[PDB]
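What follows is one structure encoded as structure tokens, with my remarks underneath.
2 protein chains.
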Amino acid sequence: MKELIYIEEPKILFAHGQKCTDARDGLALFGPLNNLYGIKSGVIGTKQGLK
Amino acid sequence: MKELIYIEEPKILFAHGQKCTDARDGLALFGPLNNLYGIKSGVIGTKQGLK
């Protein structure tokens, strides 16, 4: 018989010094680290692509 | 006795589609034209410069 070992989950960090094992859950619960104000986007393409 | 002619002020435009004559008053009554979200800044210099 061969023997296996287990390794625990490492956990990741989010806003307010809160730890979670998932990024989706930690983002929906706490939020990201830094503070952006807003994304200004440039769109290059056809008309239907822009729509 | 030569004659002088007078030319009216051209006026400059602001937010809300509002025309004024002085830039200072038109920035403190209707604000700028485009809509940013905030200015992220970089500083290069000594410690006193950052202070």
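The listed protein sequences derive, respectively, from chains B and F. Take 1 as the starting number for the first sequence in PDB author numbering and just add one per residue. Take 1 as the starting number for the second sequence in PDB author numbering and just add one per residue. Idealized CB from N, CA, C, for every residue including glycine.
field: Environment of residue 26 of chain B [buried if 16+ CB atoms lie within 10 Å]
entry: The residue you call residue 26 of chain B lines up with position 26 of the first sequence. Residue 26 of chain B is buried by the Cβ-count criterion.
query: Who are the near neighbours of residue 15 of chain F in its chain, counting only those whose CB is closer than 8 Å to its CB and skipping five residues on each side?
result: Mapped onto the second sequence, residue 15 of chain F falls at position 15. Here the set comprises 30, 31, 32, 33.
message: Less than 9 Å between the beta carbons of residue 43 of chain F and residue 50 of chain F, yes or no?
response: For this step, residue 43 of chain F is matched to residue 43 along the second sequence. For this step, residue 50 of chain F is matched to residue 50 along the second sequence. Yes.
message: Suppose contacts are defined by Cβ-Cβ distances below 9 Å. Is residue 38 of chain B in contact with residue 38 of chain F by that definition?
response: Numbered from its first residue, the first sequence carries residue 38 of chain B at position 38. Numbered from its first residue, the second sequence carries residue 38 of chain F at position 38. For residue 38 of chain B and residue 38 of chain F, yes; Cβs fall inside 9 Å.
- prompt: Which of the residues in the stretch 16 to 39 of chain F, read from start to end, lie with their CB under 7 Å from any CB of chain B?
  reply: 37, 38
query: Taking the C-alpha atoms as reference points, what is the distance between residue 23 of chain F and residue 9 of chain F?
result: Against the second sequence, residue 23 of chain F aligns to sequence position 23. Against the second sequence, residue 9 of chain F aligns to sequence position 9. Answer to the nearest angstrom: the Cα atoms are 13 Å apart.
- prompt: residue 12 of chain B bridges to which residues according to DSSP?
  reply: Taking the first sequence and counting its residues from 1, one reaches residue 12 of chain B at position 12. DSSP output for residue 12 of chain B lists B:20 as bridge partner(s).
field: Between the CA atoms of residue 7 of chain F and residue 20 of chain F - distance to the nearest angstrom
entry: As a working mapping, residue 20 of chain F is identified with position 20 in the second sequence. As a working mapping, residue 7 of chain F is identified with position 7 in the second sequence. Their Cα atoms are separated by approximately 17 Å.
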